[PDB]
Amino acid sequence: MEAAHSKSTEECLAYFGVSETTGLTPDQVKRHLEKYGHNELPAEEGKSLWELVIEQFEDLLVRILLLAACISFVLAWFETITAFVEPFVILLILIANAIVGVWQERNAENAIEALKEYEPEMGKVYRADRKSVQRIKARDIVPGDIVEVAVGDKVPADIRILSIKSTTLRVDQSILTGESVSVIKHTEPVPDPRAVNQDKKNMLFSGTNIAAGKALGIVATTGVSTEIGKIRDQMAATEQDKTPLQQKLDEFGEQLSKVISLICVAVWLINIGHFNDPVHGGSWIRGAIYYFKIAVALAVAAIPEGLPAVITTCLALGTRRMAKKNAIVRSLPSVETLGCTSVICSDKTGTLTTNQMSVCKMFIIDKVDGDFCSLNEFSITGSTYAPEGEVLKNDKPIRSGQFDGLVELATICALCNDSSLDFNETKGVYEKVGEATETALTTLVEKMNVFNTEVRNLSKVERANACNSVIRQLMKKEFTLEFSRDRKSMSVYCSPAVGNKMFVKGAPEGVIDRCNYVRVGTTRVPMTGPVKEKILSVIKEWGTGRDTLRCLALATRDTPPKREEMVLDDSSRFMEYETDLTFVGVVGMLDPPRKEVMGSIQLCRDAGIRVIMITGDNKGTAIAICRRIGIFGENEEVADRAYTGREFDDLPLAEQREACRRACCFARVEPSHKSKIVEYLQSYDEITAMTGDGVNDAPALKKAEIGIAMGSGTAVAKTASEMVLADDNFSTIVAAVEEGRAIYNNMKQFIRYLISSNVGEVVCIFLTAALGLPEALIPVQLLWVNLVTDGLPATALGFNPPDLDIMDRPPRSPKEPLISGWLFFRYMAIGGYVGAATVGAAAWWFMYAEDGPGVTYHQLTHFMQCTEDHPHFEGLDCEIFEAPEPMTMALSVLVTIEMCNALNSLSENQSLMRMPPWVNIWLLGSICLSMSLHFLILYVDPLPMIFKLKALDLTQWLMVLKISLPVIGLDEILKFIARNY
Ligand SMILES: C/C=C(/C)C(=O)O[C@H]1C(C)=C2[C@H]([C@@H]1OC(=O)CCCCCCC)[C@@](C)(OC(C)=O)C[C@H](OC(=O)CCCc1ccc(/N=N/c3ccccc3)cc1)[C@@]1(O)[C@H]2OC(=O)[C@@]1(C)O
Ligand code: NA
């Protein structure tokens, strides 16, 4: 029964056909169970390890390395036990990467699983099989059950309240709305069928807790049909798109397999002459192994094997750096999307403001005489909940007792108040107890002291509620008509210790319209036009002007209805009970913006980031707060840039989308508006950050690219967000966006660095196959360079100093390629250089070397025919074509070039003369370690046998530097072109 809130208690019992005193019969239970199912959210279908390792080996680059490992294993089988090192190392990389992925998924938290924590194990129902209550498992509760809840119990299903067995019934509906005060519940129907959950005063929602009381109710919905179950369906339907960099890895792997297959076809096309080669020969099995070994090396030379270790290391370090700035990022890929933020939608109370209220102004009526009117405006000092402060008028200290209107003003503030003040000696600060807006009144009456009580020598703990207690002794608060949004006010019925009176407080428009008289000191005058105009005039200046105050109208019913003539169970009659009032005065309190917020808004407009405020204030004050903190200008038109919840719904779907393109302020929004705003922003391809802190906010937090939770927010809101603000501050968002931009600038530098090395490595392997030369580089050597030799300077590039204008540039387009245009041409020339400089270093040892044979170019290209000891090949040991020294010339050239290419990667276009290499101290130290590790595999005896290397001399190294160092001069000329042409 979805509309149970709008149905009578008799209508709900008649729908299910269940007696309130007997309950559901054993037949009705098993028959309702087969129709509505069990009262539980669906279990989240987790994936197995087998499904997780299949997803790990689903990536195309992973499948290429796995195939290359399989080829290497069968090549090592058909050949020295160091041969199986190449298959084993390749497998260890994939296996280790899988373990990392398995650990990440296990550590990951699911918000749908978190919703279960709001499911009680047990419930209490009355059924026809027993007279007494039955404590059954909440899973077995069906719609139509008669349920009994009490203090401490968690509500097991969406329950329509039938009768309240206690005096009142207060519920903690905080799981839906962050952290909130207890709400009073009744049993009368709510006329609006499209009413929101705040207005369903006759409903108990599954997952909430009973703060006080005891009631009997009938179950309306269970399972996914509850309010907390409908939110689970919205989250289960939301799909998280891949981050732009995750998508770029897909296109890179898809294009890489197309190039590898093309290089293989090119190698075969160049060697088609072997089809005319004589059929009889023993080099055919050799030729297959030759092309199979090249295929293995071609894959290892193309895949950046060390990139996943460098990326996750950069993100893990940035997470620790953001946590120092109170930004808790929960997912590592979210750091990239963090820097791409285009729109920030932020709640006000708590984040944009300090949520610490204090009354700043107040006015009472001074004189009413026809068209002449006079007011007594006041000012209060002290922005904290502490009673320290004084009341001023015209910047002059005054005594509140000398004004009679202020005596009645303070009594309304002290009696029509459910909150209190407490002093904490551990923190040494007065603390609030209840609503922040109500506690501002308790602090105000302590500063006024209308009865001139003596509190100078009182203890600080006693000083907190001293003046409040004095007023409470005078009038006995009988009952309380709680706040409701239909009338936007509350009242209390009081008797002396003089007749009974009612003290009313609430929104100014509703209370003043229900006032027929006006208090003037101790006397009262009928409410007239000129007085009502000037009263509302000051409300507009305090709420819309530069004060940006929240105003409360305080009134009194001098002649309240008799106690017997009032029904304290129908919230519909509460407005009638609060009529024919007498205006007493208006207080104006401020929720101050945080110190750092006004500057963070300027950083956002300097960085092209739009800020959208989300409040619960009226449209007039919301626009005023925007002008105060910097979202709008002081004199800027905002007719089509600010909307309310009702204004936004009355628009067609096309106008709603166009509204979100320019709006910067949304006041009094419905729960579904956060998710709709995200969709409209995504329709313009924005990258949206949204704040929230309740289960209500969870669907929008998951929908947005960067859901933002509060450190004090609910657990479900955190598990549905990418980043959690430890201090709830809005400035933490902007600081994390700056860091995400700084991380990406360094990230794309060591991505271009490692990828350009893989280009030159593939050119090296291609030149070997296309010319028929011996293998100048071995997959075992290429793995060491990509994982260790180039991995250390790549990590050091992640510590590059960020640009000082990084927050002075618009947000980066998500589809911006990492390498394109002239940079695509540069890494082709660097790749064409590395490929030629590596195979040439080995050919130098095989020909023009003093310590190597003077093998001719024909013999080196036809080295697979030395086995015959052909007279065509001058007499020589054929094993020389398998010598370790020529591979050390090629490897030491690649290592030294990559150390040089790492310096060229410090800046995209700025010359090394302008930006010297000693800017990044970590990069110089990484090159020394990578070079120190190069001599480790050349001299410490176990390693040269494995890597097929033999140490070089002081002369052979000088030949490496002859070919390697001009890399710096080449890229410098390519940088000079981009800068000046
Ligand atoms: C890999 C090795 C080789 C040899 C190769 O064939 O490479 C080609 C190739 C696949 C390219 C092309 C390359 O073509 C050429 O060399 C043309 C032939 C030249 C030789 C001719 C001889 C006659 C490029 C190399 O050519 C040059 C010069 O740079 C540029 C560009 O690469 C990138 O931008 C790198 C993204 C890495 C990249 C990959 C992943 C990634 N992941 N983030 C994460 C973030 C967070 C978490 C996880 C992950 C981010 C980035 C591409 O064009 C690329 O394919 C594409 O689609 C582009 C747009 O990526
Ligand atoms: Na999200």
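Numbers in chain A come straight from Swiss-Prot, and the residues shown are 1-79, 84-501, 508-991, in order.
So this one's X-ray crystallography, 2.8 Å, going by the header.
Yeah, the Cβs are placed from backbone N, Cα and C, and that goes for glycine too.
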**Study point:** One side of the membrane in Swiss-Prot: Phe16 and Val929
**Key:** yes
**Study point:** As recorded in Swiss-Prot, which of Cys876, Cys910 forms the disulphide with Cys888
**Key:** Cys876
Practice item. May I ask you to find which of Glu657, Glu665, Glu908, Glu918 Swiss-Prot records for the Ca(2+) 2 site already listed with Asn768, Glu771, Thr799, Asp800? Key: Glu908
Review point. Can you pick which of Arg560, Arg573, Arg583, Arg751 Swiss-Prot lists for the same ATP site as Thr353, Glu442, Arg489, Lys515, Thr625, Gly626, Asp627, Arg678, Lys684, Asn706?
Key: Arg560
Review point. Swiss-Prot has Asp351, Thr353 down as binding Mg(2+); which of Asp27, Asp695, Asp703 does it also list for that site?
Key: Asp703
Study note, to complete from the structure: For Swiss-Prot, the entry region 'Interaction with PLN' belongs, out of 362-382, 788-808, 851-871, to 788-808
**Study point:** Contact yes or no, the transmembrane segment (296-313) and the transmembrane segment (49-69), 3+ Cβ pairs under 8 Å, gap 6+
**Key:** yes
Review point. In terms of Cα spacing, which of the binding-site residues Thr353, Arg560, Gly626, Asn768 are within 10 angstroms of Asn796 (Ca(2+) 1 binding site)?
Key: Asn768
**Study point:** Straight-line CA separation, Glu79 and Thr84, 4 intervening residues not modelled, Å
**Key:** 9
Practice item. For the topological domain 'Lumenal' (274-295), find every same-chain residue at least 6 residues outside the stretch whose CB is under 8 Å from a CB in it, and list them. Key: 75, 78, 779-780, 782, 874-875, 877
Exercise for review: Mind checking which residues of the chain, 6+ beyond the ends of the transmembrane segment (965-985), have their Cβ under 8 Å from one of its Cβ atoms?
Suggested key: 832, 835-836, 839-840, 843-844, 847, 850-851, 854-855, 860-861, 895, 898-899, 902-903, 906-907, 910-911, 913-914, 917, 919-922
Review point. C-alpha of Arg560 (ATP binding site) to C-alpha of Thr353 (Mg(2+) binding site): distance in Å?
Key: 13
Check your understanding: Same chain, outside the topological domain 'Cytoplasmic' (809-828) by at least 6, Cβ under 8 Å from its Cβ: which residues?
Key -> 248, 252, 343-346, 613, 616-619, 695, 697, 748, 751-752, 754-756, 758-759, 761-762, 765, 916, 929-930, 932-933
Review point. Pick from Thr441, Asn706: which of these recorded positions has the biggest number of other Cβ atoms within 10 Å of its Cβ?
Key: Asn706
Exercise for review: May I ask whether the transmembrane segment (758-777) has at least three C-beta pairs under 8 Å with the transmembrane segment (898-917), counting pairs 6 or more apart in sequence?
Suggested key: yes
Point to revise | Inter-residue C-alpha distance, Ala305 (Ca(2+) 1 binding site) and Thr569 (phosphothreonine) (nearest angstrom) | key: 92
Revision key, fill the gap. Near the topological domain 'Cytoplasmic' (918-930) in space but 6 or more residues beyond its ends, with Cβ under 8 Å, are 759, 806-807, 809-811, 833, 978, 982, 985-986, 988-989
